[PDB]
Structure formats: C-alpha cells, structure tokens
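Report on one structure; see the data block that follows.
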Amino acid sequence: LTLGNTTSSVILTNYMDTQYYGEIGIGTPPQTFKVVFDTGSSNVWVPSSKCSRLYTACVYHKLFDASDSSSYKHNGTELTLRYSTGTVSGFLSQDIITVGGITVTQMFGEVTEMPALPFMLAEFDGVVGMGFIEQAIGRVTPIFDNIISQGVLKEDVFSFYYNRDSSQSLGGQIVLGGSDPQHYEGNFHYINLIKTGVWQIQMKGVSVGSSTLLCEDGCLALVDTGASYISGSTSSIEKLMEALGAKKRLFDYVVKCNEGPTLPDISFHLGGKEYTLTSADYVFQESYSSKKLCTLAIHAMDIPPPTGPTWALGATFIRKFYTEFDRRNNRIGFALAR
Ligand SMILES: COCCCOc1cc(C[C@@H](C[C@H](N)[C@@H](O)C[C@H](C(=O)NCC(C)(C)C(N)=O)C(C)C)C(C)C)ccc1OC
Ligand SMILES: *[C@H]1O[C@H](CO)[C@@H](O)[C@H](O)[C@H]1NC(C)=O
C-alpha cells in the first residue's frame, strides 16, 4: 500500500431521494455513463452496444461501443451479476476509465442482457462496485483497488455524502482517498467489519420508540450506498411495521399520510452509538391528508447466505450519517451529515 497526496471527489446527482449516481468516462475518446457507486457489490459494468434492442432498457440507456474506443482491450469472458433485486449479464472488456480526475485501466462488464425490471426504472446506466475483490464476480480486480495501486490517494478510504436534494444544489458527493469535513460535524465513530471482504458490521439492536423491539440478540448490517432504503428481513420488517401501524403493499409499506409525523423514532445500535431517525427521516411525507398514502423509506429484503440474512443501511440512513469506508483498517465510520 503506497499512499500519496491526492483525494478526488465525484459530484453525484440525486434522483428523487432514491437514486444517487455520478459520472465516469470510458474509452478513447471518453464515452460518459451515469453510474451508482455501490458498496453492495464489486464489479464495474455499463450497458453494451451489443445488447439486443429487444431489451428495452438498452434502448433507454447509454451503451458502450468498443468499436469507437482506441484504448479498448478485448477479454470476452462471460459474466452474470446477480443482485438482490435484479440480474445483468454480458462479457468482460478492459479500457481506461476516468473517475473524478483519476484515470485508471479497468476491466468492466459490457452488459448485453438487462431486464426492464428494474433497469427501465433506473436513471443510471451502470454500476461501479465499491466492494472488496472477495465479492467480485469473476475475481475481477475492483476499480478502487486499481486506483490504490497507483499510490496517489492520501488514504486507503472513500466517503459518501447523500443530500436531501430537492433544485440548485449538490445531489451528493464521493471523496476518494479521504472525506470532506465540509459535509459532516462532530467526530467519526467506527465499527469494525464483522467479516472479510464485505462492508458489513455487527448491529447490536434496533429500537422503535421506547424499547429495543428488534435485533435483540445482535444482527448484521450491510452499509449499502447502492440501496435506496434501509432494509431488513421480512420477519424483522413485519414486526417493525406492526409497531408503526404501516400497511404492507407489493413492494413497500405505506401509512395514511396524516399519521406520518406521528410515527416513533427508530434507532440502530451500531458500535458505541445509537443512530436515530425520526419519522421525518423515513417517511416520504408528500401530503398530510388522511386520504392519501405515504410510503416509508424502510423495506423488507431477504439476502441469502453467506452475506445474508442481514439488514442493509442505504440512502435513508446515509442521508443523516456521512459515511467513510476505511479499507486500511477494515471499519466503517459514521458522522452527523451537514
Ligand atoms: C442509492 O441509489 C443507488 C441506486 C438505487 O436504486 C437501485 C438500486 C439497484 C440495486 C443496486 C445494487 C445493490 N445495492 C446490491 O449491491 C445489493 C447487494 C448485492 O446484491 N450484491 C451483489 C453481490 C454479487 C455482491 C451479491 N449478490 O452478494 C446485497 C448483498 C445487499 C444497483 C447498483 C444495481 C437496482 C435498481 C435501482 O433503481 C432502479
Ligand atoms: C481476460 O481477463 C482475465 C483476468 O480477470 C485473464 O487472466 C484472462 O485470461 C483474459 N482472457 C482473455 C481471452 O483475454
């Protein structure tokens, strides 16, 4: 590990508080793509110009065309990426990628099969996995490992800032090689990784209102920058939602809008601190009418072993807590976002 003097930032766009993505350039000349920097996975991929137009998601997104890049290097190994809410398939390719001023030769997947659900609902084109090589499909070296190999980043860490963006403001920000003191206050508090190669930590309990109603025996929390909400197993969530008086729909839970401001606080016991969210933090309070339903930013999601079962702390959590991902010391640090 050779540290340097550099830190780079990528400005992110906030789409309706559910999708946070930035931009990257691939090839020569650069072909730009909107990508989610996802700590939940470790591969980089973008739709390919070889994706059948019968996949409507390929008709609606930017496609990488190897035939227009002079820095492209062929590989072709098949690759299938299975995420908890969708799958993409294609083959491996290599080219130079620019991420916030840093230029790195990276192997990424050219996706040729991209399902309408959920990709037709994606504002982003692709993904830049921020996880460890242990979780990389095909054992492909993750982009951050490749940047760290260059010995330019001041620190072997990267940080996330997600705004409550609502027209002339910064949707979010990723800092490669450190954090931005301008977006958090107080001190960072850390929790060591409960495992090797996954941004997952031990969670001591989850409380709703008065007491620790859930995760009483301890549980796992995966800090997922590529997730819109805080999710837990169906069991946990049914019990949580029971406590909230929320009603279960097909893909989410709602509450009569007038009841929203009434909902209790929900805390997550991580390491030495309690991380508390008020209803305002987890309710999409779009109305105060008892005649309208307001969705909650907390969902049920069952991740299978060996990673799951596990809670996933997504944008709902990150919006309140600036997050630093420390590879050097295998821990995650949270600070109050500002
Ligand atoms: C915060 O805004 C980011 C985008 C949110 O919106 C979407 C997120 C996804 C899923 C994420 C990916 C997940 N965050 C994923 O990383 C979750 C993890 C996962 O499935 N990882 C994949 C691997 C292969 C590592 C695995 N199965 O373990 C789980 C283990 C938590 C995208 C980056 C593809 C799909 C569609 C979306 O909007 C239309
Ligand atoms: C492409 O990539 C892998 C490394 O992930 C390499 O070792 C493999 O042999 C390459 N194959 C081809 C056909 O280029």
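In the structure tokens, each chain is lettered A, B, ... as it comes, each chain's residues begin at 1, and ligands are numbered from 1 in order of appearance.
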Using only C-alpha atoms and all ligand atoms, find each protein or nucleic acid residue lying at most 9 Å from ligand 2; present the set as a ChimeraX atom specification.
/A:73-77,92-94,107,138-141
Just the selected residues (C-alpha atoms), exported as a PDB file, in the first residue's frame, please.
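Below is the file result28.pdb, written as the result:
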ATOM      1  CA  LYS A  73      -8.700  -4.257 -24.886  1.00  0.00           C
ATOM      2  CA  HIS A  74     -10.780  -7.387 -25.520  1.00  0.00           C
ATOM      3  CA  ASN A  75     -11.340 -10.183 -22.984  1.00  0.00           C
ATOM      4  CA  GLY A  76     -14.822 -11.600 -23.597  1.00  0.00           C
ATOM      5  CA  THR A  77     -15.280 -13.810 -20.553  1.00  0.00           C
ATOM      6  CA  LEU A  92     -15.674  -8.657 -19.787  1.00  0.00           C
ATOM      7  CA  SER A  93     -13.780  -5.857 -21.531  1.00  0.00           C
ATOM      8  CA  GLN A  94     -10.970  -3.522 -20.497  1.00  0.00           C
ATOM      9  CA  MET A 107     -11.805  -4.433 -16.538  1.00  0.00           C
ATOM     10  CA  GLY A 138     -15.093 -13.470 -11.989  1.00  0.00           C
ATOM     11  CA  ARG A 139     -12.444 -12.367  -9.484  1.00  0.00           C
ATOM     12  CA  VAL A 140     -12.065  -9.071 -11.437  1.00  0.00           C
ATOM     13  CA  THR A 141      -9.908  -6.520  -9.570  1.00  0.00           C
TER      14      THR A 141
END
Please write out the residues within 7 Å of ligand 1 as a ChimeraX atom specification, counting only C-alpha atoms and all ligand atoms.
/A:18-21,36-42,81-86,118-119,121-123,127,135-137,222,224-228,303,307,312,314-315
Write a file of the just-selected residues containing N, CA, C and O atoms, as a compact mmCIF listing (two decimals), in the first residue's frame.
# COMPACT_ATOMS: atom_id res chain seq x y z
N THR A 18 -34.00 8.53 -4.21
CA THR A 18 -33.92 7.08 -4.28
C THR A 18 -32.75 6.58 -5.12
O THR A 18 -32.35 5.42 -4.99
N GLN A 19 -32.22 7.42 -6.00
CA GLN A 19 -31.10 7.02 -6.84
C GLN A 19 -30.01 8.07 -6.82
O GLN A 19 -30.26 9.23 -7.16
N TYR A 20 -28.83 7.68 -6.36
CA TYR A 20 -27.69 8.59 -6.32
C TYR A 20 -26.63 8.04 -7.25
O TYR A 20 -26.22 6.88 -7.11
N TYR A 21 -26.21 8.85 -8.21
CA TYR A 21 -25.21 8.41 -9.19
C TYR A 21 -24.31 9.57 -9.66
O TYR A 21 -24.65 10.75 -9.51
N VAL A 36 -23.91 4.22 -10.42
CA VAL A 36 -24.14 4.16 -8.98
C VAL A 36 -22.83 3.62 -8.42
O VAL A 36 -22.25 2.70 -9.01
N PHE A 37 -22.30 4.25 -7.37
CA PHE A 37 -21.09 3.76 -6.72
C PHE A 37 -21.68 2.93 -5.58
O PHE A 37 -22.17 3.43 -4.57
N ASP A 38 -21.69 1.64 -5.83
CA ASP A 38 -22.32 0.66 -4.99
C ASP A 38 -21.44 -0.16 -4.06
O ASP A 38 -20.81 -1.13 -4.50
N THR A 39 -21.46 0.15 -2.76
CA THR A 39 -20.66 -0.60 -1.79
C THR A 39 -21.23 -1.99 -1.58
O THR A 39 -20.63 -2.84 -0.91
N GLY A 40 -22.40 -2.23 -2.17
CA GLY A 40 -23.02 -3.54 -2.06
C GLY A 40 -22.43 -4.58 -3.00
O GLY A 40 -22.74 -5.76 -2.84
N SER A 41 -21.63 -4.18 -3.99
CA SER A 41 -21.04 -5.13 -4.94
C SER A 41 -19.62 -4.68 -5.33
O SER A 41 -19.21 -3.58 -4.96
N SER A 42 -18.94 -5.45 -6.18
CA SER A 42 -17.56 -5.12 -6.55
C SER A 42 -17.19 -5.09 -8.03
O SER A 42 -16.00 -5.01 -8.37
N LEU A 81 -24.14 -11.02 -13.24
CA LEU A 81 -24.16 -10.34 -11.94
C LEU A 81 -25.56 -10.42 -11.34
O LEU A 81 -26.51 -9.85 -11.89
N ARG A 82 -25.68 -11.15 -10.24
CA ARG A 82 -26.96 -11.32 -9.56
C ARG A 82 -27.07 -10.47 -8.31
O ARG A 82 -26.45 -10.78 -7.29
N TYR A 83 -27.84 -9.38 -8.39
CA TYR A 83 -28.05 -8.50 -7.24
C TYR A 83 -29.36 -8.92 -6.60
O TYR A 83 -30.20 -9.56 -7.26
N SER A 84 -29.56 -8.54 -5.35
CA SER A 84 -30.80 -8.90 -4.66
C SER A 84 -32.10 -8.47 -5.36
O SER A 84 -33.16 -9.01 -5.07
N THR A 85 -32.04 -7.51 -6.27
CA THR A 85 -33.27 -7.07 -6.90
C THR A 85 -33.25 -7.14 -8.42
O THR A 85 -34.15 -6.60 -9.06
N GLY A 86 -32.25 -7.79 -9.00
CA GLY A 86 -32.17 -7.88 -10.45
C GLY A 86 -30.87 -8.50 -10.91
O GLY A 86 -29.91 -8.60 -10.13
N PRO A 118 -35.43 -4.23 -12.87
CA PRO A 118 -35.68 -2.82 -12.56
C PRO A 118 -35.01 -1.76 -13.46
O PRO A 118 -35.28 -0.58 -13.30
N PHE A 119 -34.22 -2.16 -14.43
CA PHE A 119 -33.47 -1.17 -15.19
C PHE A 119 -34.17 -0.12 -16.03
O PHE A 119 -33.58 0.90 -16.34
N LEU A 121 -36.45 1.49 -14.82
CA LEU A 121 -36.73 2.47 -13.78
C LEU A 121 -35.46 3.16 -13.28
O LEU A 121 -35.51 4.05 -12.44
N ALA A 122 -34.32 2.77 -13.86
CA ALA A 122 -33.04 3.34 -13.49
C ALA A 122 -32.70 4.63 -14.26
O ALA A 122 -32.85 4.73 -15.49
N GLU A 123 -32.28 5.64 -13.51
CA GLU A 123 -31.85 6.90 -14.09
C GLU A 123 -30.38 6.70 -14.46
O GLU A 123 -29.85 7.39 -15.33
N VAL A 127 -23.02 0.58 -13.11
CA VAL A 127 -22.59 0.46 -11.72
C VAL A 127 -21.08 0.43 -11.57
O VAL A 127 -20.37 -0.09 -12.44
N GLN A 135 -15.86 -10.14 -3.22
CA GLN A 135 -17.24 -10.19 -3.72
C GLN A 135 -17.36 -9.97 -5.23
O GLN A 135 -18.46 -10.01 -5.78
N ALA A 136 -16.22 -9.77 -5.88
CA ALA A 136 -16.19 -9.53 -7.31
C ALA A 136 -16.45 -10.80 -8.08
O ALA A 136 -15.77 -11.81 -7.86
N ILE A 137 -17.45 -10.75 -8.96
CA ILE A 137 -17.79 -11.89 -9.80
C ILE A 137 -16.65 -12.00 -10.83
O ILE A 137 -16.17 -10.98 -11.35
N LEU A 222 -25.41 -4.35 6.50
CA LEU A 222 -24.52 -4.13 5.37
C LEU A 222 -24.74 -2.65 4.99
O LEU A 222 -25.89 -2.24 4.81
N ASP A 224 -24.95 -0.20 2.48
CA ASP A 224 -25.08 -0.21 1.02
C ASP A 224 -25.37 1.15 0.38
O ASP A 224 -26.51 1.60 0.33
N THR A 225 -24.35 1.75 -0.22
CA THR A 225 -24.51 3.04 -0.88
C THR A 225 -25.36 2.93 -2.16
O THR A 225 -25.91 3.93 -2.65
N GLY A 226 -25.49 1.71 -2.68
CA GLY A 226 -26.29 1.50 -3.88
C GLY A 226 -27.72 1.04 -3.58
O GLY A 226 -28.37 0.46 -4.45
N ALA A 227 -28.19 1.29 -2.36
CA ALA A 227 -29.54 0.90 -1.95
C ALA A 227 -30.31 2.16 -1.62
O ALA A 227 -29.77 3.08 -0.99
N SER A 228 -31.58 2.22 -2.04
CA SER A 228 -32.40 3.39 -1.77
C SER A 228 -32.86 3.45 -0.33
O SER A 228 -32.91 4.53 0.25
N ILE A 303 -31.67 -11.22 2.05
CA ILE A 303 -30.43 -11.54 1.36
C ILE A 303 -30.03 -12.94 1.83
O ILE A 303 -30.05 -13.23 3.03
N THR A 307 -23.82 -13.89 2.70
CA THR A 307 -23.89 -12.49 3.11
C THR A 307 -25.07 -12.27 4.04
O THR A 307 -24.92 -11.71 5.12
N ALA A 312 -29.76 -3.87 5.64
CA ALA A 312 -28.95 -3.11 4.68
C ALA A 312 -29.26 -1.64 4.97
O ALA A 312 -30.43 -1.25 5.06
N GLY A 314 -29.14 1.81 3.63
CA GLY A 314 -28.98 2.53 2.38
C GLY A 314 -29.07 4.02 2.51
O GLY A 314 -28.81 4.60 3.58
N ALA A 315 -29.51 4.66 1.43
CA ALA A 315 -29.63 6.11 1.39
C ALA A 315 -30.46 6.71 2.52
O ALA A 315 -30.18 7.82 2.95
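Closest approach to residue 265 in chain A from the set A:229, A:331, A:206, A:322 is made by A:206, with distances taken over only C-alpha atoms.
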Close residues, residue 260 in chain A itself excluded, 8 Å, only C-alpha atoms, min 5 positions apart in chain, as an NGL selection string:
:A and (255 or 279-280 or 283 or 285 or 288 or 294)
Which residues are near residue 112 in chain A? Cut-off 9 Å, only C-alpha atoms, ignore same chain within fewer than 5 positions. Put them as a PDB file with N, CA and C atoms, in the first residue's frame.
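In the end it all went to part-v6.pdb:
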ATOM      1  N   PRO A  47     -24.142  -0.696 -19.886  1.00  0.00           N
ATOM      2  CA  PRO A  47     -24.837  -1.388 -20.981  1.00  0.00           C
ATOM      3  C   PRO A  47     -23.910  -1.413 -22.205  1.00  0.00           C
ATOM      4  N   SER A  48     -23.992  -2.468 -23.007  1.00  0.00           N
ATOM      5  CA  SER A  48     -23.144  -2.605 -24.186  1.00  0.00           C
ATOM      6  C   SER A  48     -23.870  -2.275 -25.479  1.00  0.00           C
ATOM      7  N   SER A  49     -23.126  -1.852 -26.492  1.00  0.00           N
ATOM      8  CA  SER A  49     -23.728  -1.578 -27.787  1.00  0.00           C
ATOM      9  C   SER A  49     -24.141  -2.933 -28.405  1.00  0.00           C
ATOM     10  N   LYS A  50     -23.700  -4.038 -27.811  1.00  0.00           N
ATOM     11  CA  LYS A  50     -24.041  -5.370 -28.312  1.00  0.00           C
ATOM     12  C   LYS A  50     -25.314  -5.934 -27.660  1.00  0.00           C
ATOM     13  N   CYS A  51     -25.927  -5.159 -26.776  1.00  0.00           N
ATOM     14  CA  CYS A  51     -27.159  -5.579 -26.120  1.00  0.00           C
ATOM     15  C   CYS A  51     -28.333  -5.514 -27.114  1.00  0.00           C
ATOM     16  N   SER A  52     -29.052  -6.615 -27.292  1.00  0.00           N
ATOM     17  CA  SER A  52     -30.214  -6.638 -28.190  1.00  0.00           C
ATOM     18  C   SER A  52     -31.182  -5.489 -27.873  1.00  0.00           C
ATOM     19  N   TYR A  55     -34.219  -5.689 -25.527  1.00  0.00           N
ATOM     20  CA  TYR A  55     -34.149  -5.362 -24.091  1.00  0.00           C
ATOM     21  C   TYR A  55     -34.414  -3.848 -24.124  1.00  0.00           C
ATOM     22  N   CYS A  58     -32.009  -1.342 -22.851  1.00  0.00           N
ATOM     23  CA  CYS A  58     -30.878  -0.978 -23.700  1.00  0.00           C
ATOM     24  C   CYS A  58     -31.198   0.132 -24.694  1.00  0.00           C
ATOM     25  N   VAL A  88     -27.947  -8.831 -14.341  1.00  0.00           N
ATOM     26  CA  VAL A  88     -27.468  -8.349 -15.635  1.00  0.00           C
ATOM     27  C   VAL A  88     -26.446  -9.365 -16.096  1.00  0.00           C
ATOM     28  N   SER A  89     -26.334  -9.495 -17.409  1.00  0.00           N
ATOM     29  CA  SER A  89     -25.409 -10.440 -17.969  1.00  0.00           C
ATOM     30  C   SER A  89     -24.734  -9.836 -19.213  1.00  0.00           C
ATOM     31  N   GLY A  90     -23.492 -10.256 -19.455  1.00  0.00           N
ATOM     32  CA  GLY A  90     -22.721  -9.779 -20.588  1.00  0.00           C
ATOM     33  C   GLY A  90     -21.353 -10.434 -20.573  1.00  0.00           C
ATOM     34  N   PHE A  91     -20.325  -9.693 -20.974  1.00  0.00           N
ATOM     35  CA  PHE A  91     -18.959 -10.215 -21.020  1.00  0.00           C
ATOM     36  C   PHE A  91     -17.952  -9.132 -20.586  1.00  0.00           C
TER      37      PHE A  91
END
Identify all residues of range 174-325 of chain A in helix (DSSP H, G or I) (DSSP on the backbone) and supply them as JSON, numbers by chain.
{"A": [181, 182, 183, 234, 235, 236, 237, 238, 239, 240, 241, 242, 243, 244, 257, 258, 259, 260, 261, 262, 279, 280, 281, 282, 315, 316, 317, 318]}
Emit the selected residues as an mmCIF file, in the first residue's frame, including C-alpha atoms.
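What ended up in again.cif:
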data_model
loop_
_atom_site.group_PDB
_atom_site.id
_atom_site.type_symbol
_atom_site.label_atom_id
_atom_site.label_comp_id
_atom_site.auth_asym_id
_atom_site.auth_seq_id
_atom_site.Cartn_x
_atom_site.Cartn_y
_atom_site.Cartn_z
ATOM 1 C CA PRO A 181 -15.089 17.867 6.607
ATOM 2 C CA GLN A 182 -17.467 20.356 5.000
ATOM 3 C CA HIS A 183 -20.247 17.691 4.939
ATOM 4 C CA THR A 234 -39.240 -9.893 6.167
ATOM 5 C CA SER A 235 -39.603 -11.159 9.759
ATOM 6 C CA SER A 236 -37.965 -8.097 11.294
ATOM 7 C CA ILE A 237 -39.781 -5.719 8.994
ATOM 8 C CA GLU A 238 -43.200 -7.261 9.635
ATOM 9 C CA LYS A 239 -42.640 -6.726 13.330
ATOM 10 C CA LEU A 240 -41.265 -3.197 12.778
ATOM 11 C CA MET A 241 -44.165 -2.303 10.520
ATOM 12 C CA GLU A 242 -46.571 -3.791 13.047
ATOM 13 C CA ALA A 243 -45.204 -1.288 15.559
ATOM 14 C CA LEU A 244 -45.660 1.537 13.062
ATOM 15 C CA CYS A 257 -50.185 10.499 5.342
ATOM 16 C CA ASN A 258 -51.712 12.303 8.327
ATOM 17 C CA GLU A 259 -50.234 9.602 10.583
ATOM 18 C CA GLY A 260 -46.694 10.088 9.269
ATOM 19 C CA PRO A 261 -45.452 12.887 11.613
ATOM 20 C CA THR A 262 -46.749 10.718 14.479
ATOM 21 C CA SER A 279 -40.422 9.870 11.132
ATOM 22 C CA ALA A 280 -39.362 12.850 9.007
ATOM 23 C CA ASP A 281 -36.216 10.870 8.096
ATOM 24 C CA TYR A 282 -38.016 7.702 6.958
ATOM 25 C CA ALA A 315 -29.627 6.108 1.391
ATOM 26 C CA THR A 316 -32.285 6.536 4.127
ATOM 27 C CA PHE A 317 -29.504 6.060 6.697
ATOM 28 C CA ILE A 318 -26.652 7.674 4.780
#
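Residues with any atom within 8 Å of residue 178 in chain A, counting only C-alpha atoms and excluding same-chain neighbours fewer than 2 positions away, are residues 7, 154, 155, 156, 157, 158, 159, 175, 176, 180 and 324 of chain A.
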Requested write-out: N, CA, C and O atoms of the selected residues, as a CSV table (one decimal), in the first residue's frame:
chain,number,residue,atom,x,y,z
A,7,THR,N,-6.7,13.3,-3.3
A,7,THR,CA,-8.1,12.9,-2.9
A,7,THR,C,-8.8,13.4,-4.1
A,7,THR,O,-8.5,14.5,-4.6
A,154,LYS,N,-4.3,9.9,-0.8
A,154,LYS,CA,-3.7,10.2,0.6
A,154,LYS,C,-4.0,9.1,1.6
A,154,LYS,O,-3.2,8.7,2.4
A,155,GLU,N,-5.2,8.6,1.5
A,155,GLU,CA,-5.6,7.5,2.4
A,155,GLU,C,-6.4,6.4,1.7
A,155,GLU,O,-7.1,6.6,0.7
A,156,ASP,N,-6.3,5.2,2.2
A,156,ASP,CA,-6.9,4.0,1.6
A,156,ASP,C,-8.4,4.0,2.2
A,156,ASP,O,-8.8,3.0,2.8
A,157,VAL,N,-9.1,5.0,1.8
A,157,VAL,CA,-10.5,5.2,2.3
A,157,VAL,C,-11.3,6.0,1.2
A,157,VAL,O,-10.8,6.7,0.4
A,158,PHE,N,-12.6,5.8,1.3
A,158,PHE,CA,-13.5,6.6,0.4
A,158,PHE,C,-14.8,6.9,1.2
A,158,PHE,O,-15.2,6.2,2.1
A,159,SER,N,-15.4,8.1,1.0
A,159,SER,CA,-16.5,8.6,1.8
A,159,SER,C,-17.7,9.0,1.0
A,159,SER,O,-17.6,9.5,-0.1
A,175,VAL,N,-15.8,11.1,-2.0
A,175,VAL,CA,-14.5,11.5,-1.9
A,175,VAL,C,-13.6,10.3,-1.9
A,175,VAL,O,-13.8,9.4,-1.0
A,176,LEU,N,-12.7,10.1,-2.9
A,176,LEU,CA,-11.8,9.0,-3.0
A,176,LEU,C,-10.5,9.4,-2.3
A,176,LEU,O,-9.9,10.5,-2.6
A,180,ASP,N,-14.8,14.7,3.3
A,180,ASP,CA,-14.9,16.2,3.2
A,180,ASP,C,-15.5,16.7,4.5
A,180,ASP,O,-16.7,16.6,4.7
A,324,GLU,N,-17.8,6.9,6.0
A,324,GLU,CA,-16.5,6.7,5.5
A,324,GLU,C,-16.2,5.2,5.5
A,324,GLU,O,-16.5,4.5,6.5
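The space separating CA of residue 192 in chain A from CA of residue 174 in chain A comes to 20.9 Å.
Across A:207, A:310, A:289, A:2, the tightest approach to residue 149 in chain A is made by A:2 when counting only C-alpha atoms.
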Residues near residue 333 in chain A, cut-off 12 Å, only C-alpha atoms, skip fewer than 5 positions along chain, as a ChimeraX atom specification:
/A:157-160,178-179,184,186-193,199-201,223,270-273,318,321-327
Limited to N, CA and C atoms, could you put the picked residues into a file as a short mmCIF file (atom, residue, chain, number, x, y, z; two decimals), in the first residue's frame?
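So the final result, stored in selection05.cif, reads:
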data_model
loop_
_atom_site.label_atom_id
_atom_site.label_comp_id
_atom_site.auth_asym_id
_atom_site.auth_seq_id
_atom_site.Cartn_x
_atom_site.Cartn_y
_atom_site.Cartn_z
N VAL A 157 -9.13 5.03 1.84
CA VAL A 157 -10.53 5.18 2.26
C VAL A 157 -11.33 5.97 1.24
N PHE A 158 -12.65 5.80 1.27
CA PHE A 158 -13.55 6.58 0.41
C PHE A 158 -14.80 6.92 1.23
N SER A 159 -15.37 8.10 0.98
CA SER A 159 -16.51 8.57 1.77
C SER A 159 -17.71 8.98 0.96
N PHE A 160 -18.90 8.83 1.56
CA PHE A 160 -20.15 9.17 0.89
C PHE A 160 -20.96 10.21 1.62
N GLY A 178 -10.25 9.90 1.20
CA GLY A 178 -10.50 10.67 2.40
C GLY A 178 -11.95 11.04 2.54
N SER A 179 -12.22 12.11 3.29
CA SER A 179 -13.58 12.60 3.49
C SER A 179 -13.58 14.12 3.37
N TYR A 184 -19.93 17.02 7.26
CA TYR A 184 -20.24 16.31 8.50
C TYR A 184 -19.69 17.16 9.62
N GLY A 186 -19.01 17.05 14.25
CA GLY A 186 -18.80 16.11 15.33
C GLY A 186 -17.65 15.19 14.91
N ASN A 187 -17.50 14.05 15.58
CA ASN A 187 -16.43 13.11 15.25
C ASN A 187 -16.98 11.91 14.56
N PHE A 188 -16.09 11.14 13.95
CA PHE A 188 -16.47 9.90 13.32
C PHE A 188 -16.47 8.88 14.45
N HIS A 189 -17.35 7.89 14.34
CA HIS A 189 -17.43 6.80 15.30
C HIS A 189 -17.40 5.57 14.40
N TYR A 190 -16.51 4.65 14.73
CA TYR A 190 -16.31 3.46 13.92
C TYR A 190 -16.79 2.13 14.46
N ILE A 191 -17.06 1.24 13.52
CA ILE A 191 -17.47 -0.12 13.84
C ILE A 191 -16.58 -0.95 12.90
N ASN A 192 -15.90 -1.95 13.44
CA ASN A 192 -15.04 -2.77 12.60
C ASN A 192 -15.89 -3.72 11.77
N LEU A 193 -15.36 -4.14 10.63
CA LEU A 193 -16.07 -5.07 9.76
C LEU A 193 -16.16 -6.43 10.48
N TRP A 199 -18.74 -4.92 3.21
CA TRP A 199 -18.94 -3.73 4.03
C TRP A 199 -20.13 -4.00 4.94
N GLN A 200 -19.91 -4.92 5.87
CA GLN A 200 -20.92 -5.36 6.81
C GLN A 200 -20.36 -5.36 8.22
N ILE A 201 -21.17 -4.86 9.14
CA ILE A 201 -20.78 -4.74 10.52
C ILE A 201 -21.82 -5.36 11.42
N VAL A 223 -23.69 -1.83 4.98
CA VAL A 223 -23.85 -0.42 4.63
C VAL A 223 -23.78 -0.35 3.10
N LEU A 270 -25.20 0.71 16.63
CA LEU A 270 -24.00 0.36 15.91
C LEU A 270 -22.79 0.77 16.71
N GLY A 271 -21.97 -0.21 17.07
CA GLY A 271 -20.77 0.06 17.84
C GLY A 271 -21.13 0.76 19.15
N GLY A 272 -20.43 1.84 19.45
CA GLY A 272 -20.72 2.55 20.68
C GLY A 272 -21.91 3.51 20.65
N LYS A 273 -22.44 3.83 19.47
CA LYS A 273 -23.52 4.80 19.39
C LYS A 273 -24.88 4.30 18.94
N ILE A 318 -27.75 6.84 5.22
CA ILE A 318 -26.65 7.67 4.78
C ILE A 318 -26.99 9.17 4.68
N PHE A 321 -26.36 10.30 8.13
CA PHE A 321 -24.99 10.00 8.56
C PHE A 321 -23.93 9.85 7.48
N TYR A 322 -23.06 10.85 7.40
CA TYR A 322 -21.93 10.85 6.47
C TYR A 322 -21.17 9.55 6.76
N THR A 323 -20.82 8.82 5.71
CA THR A 323 -20.17 7.53 5.88
C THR A 323 -18.79 7.40 5.24
N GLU A 324 -17.83 6.92 6.02
CA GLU A 324 -16.50 6.72 5.50
C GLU A 324 -16.22 5.23 5.49
N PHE A 325 -15.73 4.73 4.35
CA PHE A 325 -15.40 3.32 4.18
C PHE A 325 -13.88 3.20 4.22
N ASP A 326 -13.39 2.66 5.32
CA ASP A 326 -11.97 2.54 5.57
C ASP A 326 -11.40 1.15 5.25
N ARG A 327 -10.77 1.02 4.09
CA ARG A 327 -10.18 -0.26 3.69
C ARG A 327 -8.93 -0.56 4.51
#
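Note that the spacing between CA of residue 12 in chain A and CA of residue 29 in chain A amounts to 22.4 Å.
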Pull the strand (DSSP E) assignments for range 71-311 of chain A out of DSSP run on the backbone, and list those residues as JSON, numbers by chain.
{"A": [73, 74, 75, 76, 77, 78, 79, 80, 81, 82, 83, 86, 87, 88, 89, 90, 91, 92, 93, 94, 95, 96, 97, 98, 99, 102, 103, 104, 105, 106, 107, 108, 109, 110, 111, 112, 113, 126, 127, 128, 129, 157, 158, 159, 160, 161, 162, 172, 173, 174, 175, 176, 184, 185, 186, 187, 188, 189, 190, 191, 192, 200, 201, 202, 203, 205, 206, 207, 208, 211, 212, 213, 214, 219, 220, 221, 222, 223, 230, 231, 232, 247, 248, 253, 254, 255, 256, 266, 267, 268, 269, 270, 273, 274, 275, 276, 277, 293, 294, 295, 298, 299, 300, 311]}
Can you pull out the residues contacting residue 24 in chain A? Cut-off 10 Å, using only C-alpha atoms, and skip same-chain residues under 4 positions away; I want them as an MDAnalysis selection string.
chainID A and resid 10 30:35 97:103 126 128
Any chance you can output those residues with C-alpha atoms as a JSON list (two decimals), in the first residue's frame?
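The resulting file, result-v4.json, is shown below:
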[["chain", "number", "residue", "atom", "x", "y", "z"],
["A", 10, "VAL", "CA", -17.17, 12.84, -7.72],
["A", 30, "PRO", "CA", -14.45, 9.07, -23.49],
["A", 31, "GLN", "CA", -17.94, 7.62, -23.59],
["A", 32, "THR", "CA", -19.69, 9.03, -20.49],
["A", 33, "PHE", "CA", -22.03, 6.99, -18.28],
["A", 34, "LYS", "CA", -24.20, 7.68, -15.19],
["A", 35, "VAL", "CA", -23.22, 5.14, -12.54],
["A", 97, "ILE", "CA", -11.98, 4.85, -17.01],
["A", 98, "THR", "CA", -11.89, 8.35, -15.59],
["A", 99, "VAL", "CA", -13.50, 8.84, -12.20],
["A", 100, "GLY", "CA", -13.26, 12.37, -10.87],
["A", 101, "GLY", "CA", -9.89, 13.24, -12.39],
["A", 102, "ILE", "CA", -8.32, 9.86, -11.79],
["A", 103, "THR", "CA", -7.62, 7.80, -14.91],
["A", 126, "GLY", "CA", -24.36, 1.31, -14.98],
["A", 128, "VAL", "CA", -19.14, 0.97, -10.20]]
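CA of residue 120 in chain A sits 16.4 Å away from CA of residue 251 in chain A.
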